[PDB]
């Protein structure tokens, strides 16, 4: 279902995402979406950010009872596409 989307990285560990995002060629705010080892069948967003070194910040994509998603409870979305569109 997500396989067609370029931003979705299948079979990508949390640590592999750190390496992928820290690798050269990635500007700041470079990101991807991965399957969550963190929590069963849900997804996570990993992003390139700088901490007073450069780093990868992981954000859990949490699900709603209505099937939607959110990272921050201030804004919720029907699907990931909408979430990803918003956070870009």
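Take the two forms, superpose them, and find the largest set of C-alpha atoms that agree within 1.5 Å; that set is the rigid core. Positions refer to the first chain, counted from 1.
- Relative to the shown model and aligned on the rigid core, the C-alphas in 6 other deposited structures of this protein deviate most, among 62-70 and 75-83, for 62-70.
- Coordinates are lacking for 1 to 3 deposited residues between residue 52 and residue 53.
- For the pair 43-51 and 58-66, the mean B factor over Cα atoms is greater in 43-51.
- In the deposited entry, the Cα temperature factor of residue 83 places it in the lowest third of its chain's modelled residues.
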